[PDB]
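Take a look at this single chain, the form deposited in one PDB entry, given in structure tokens.
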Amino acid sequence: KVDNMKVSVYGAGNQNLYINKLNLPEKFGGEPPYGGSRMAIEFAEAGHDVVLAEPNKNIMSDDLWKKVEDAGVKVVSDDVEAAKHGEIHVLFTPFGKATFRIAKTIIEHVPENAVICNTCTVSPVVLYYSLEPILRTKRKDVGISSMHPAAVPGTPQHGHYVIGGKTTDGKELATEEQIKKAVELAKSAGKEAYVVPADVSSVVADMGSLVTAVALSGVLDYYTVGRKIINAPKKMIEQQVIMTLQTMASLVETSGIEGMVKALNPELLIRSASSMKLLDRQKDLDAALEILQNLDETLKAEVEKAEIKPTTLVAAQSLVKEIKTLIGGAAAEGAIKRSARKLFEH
């Protein structure tokens, strides 16, 4: 049963961002409003009973608000009023500011068996962790998922959503029924919807997908050159890929992007990577060599001023296993949750 659901959307979307910063109408298409308010509109046009919670009326003009009201969306300023309404709750909080606050505000008011979905930025696993004390105790009925759009809702390019489902390591953050409800809601207005494990969904579909796609292209370039030209052993290539990506992630975590750049040194990196220009067409490498030679002088200045903080070489998944064997599964999971919250929530 997935027709005429009661839906709550939180956040109309920063129309100044969409209209003037991204200039979506002229460069991508569609008409405002965009984002969360457009999601509410499309859900309502699909026959769902939709409430949009938005505390700031001034976030868009009266003329765009009329578009929302005409779709039959009910607009409220109080998140708690939207919380009591919906069986599915969609957080449209792109800048990861309000996401935790709104979730914490609504969790003790949402109806029995409600599911709460984040749309972008914050990973549903991190959202689950932030809510876990109540989800484990008083609200075991509530599910956590996500509904990541492929492009800003309202633009022609938005043709699907990615829904965060059971994690690769077997964690169910929402019931099968709750996930099915999110999937079918996502399909409103003719959209495609795909379930991807919740521990990877944000890396595939959110704005960080830019980094994912470019890093992946480098990984595949090296895999090809490594195997087909150099005949470097596969396990060696994988070990180097792991160490590269892990080191880069760890340095950003301790030292920020500027500190990470300072540690890896573009000038050294250009010299080493030039030696790997070994086949016909490696446009990813060509592009990187040119970008790294032409860094912004403002970025460069902040890089000399940056401090490289202590950063420990790890094999991360191997370390997880090792921690489980030392202190047991429950305590290891506690350690993983606490440290994930310290980086991604606090």
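Don't overthink the numbering: it's just position in the shown sequence, from 1. We call the rigid core whatever largest set of C-alpha positions still superposes within 1.5 Å between the two forms.
- Averaged over CA atoms, B-factors in the entry run higher in 89-97 than in the other of 155-163 and 89-97.
- As recorded in the PDB entry, 74-82 is the stretch of 74-82 and 200-208 with the greater mean C-alpha temperature factor.
- You'll see in the entry that, of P111, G256, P149, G218, the Cα B factor peaks at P111.
- The maximum CA B-factor among the listed residues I116, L135, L185, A189, taken from the PDB record, is found at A189.
- In the PDB entry, a CA B factor belonging to the middle third of its chain's modelled residues is recorded for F43.
- In the PDB entry, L295 places in the highest third of its chain by CA B-factor.
- Sort the chain's modelled residues by C-alpha temperature factor and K1 lands in the highest third, per the entry.
- Per the deposited record, the Cα B-factor of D141 falls in the lowest third when ranked against the other modelled residues of its chain.
- When the modelled residues of the chain are ordered by C-alpha B-factor, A330 sits in the highest third.
Quick note: we don't show the form deposited in another entry, though the next part is all about it.
- Just one of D62, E290, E26, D70 moves its Cα by 2 Å or more between this form and the one not shown on a rigid core overlay, and this residue is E290.
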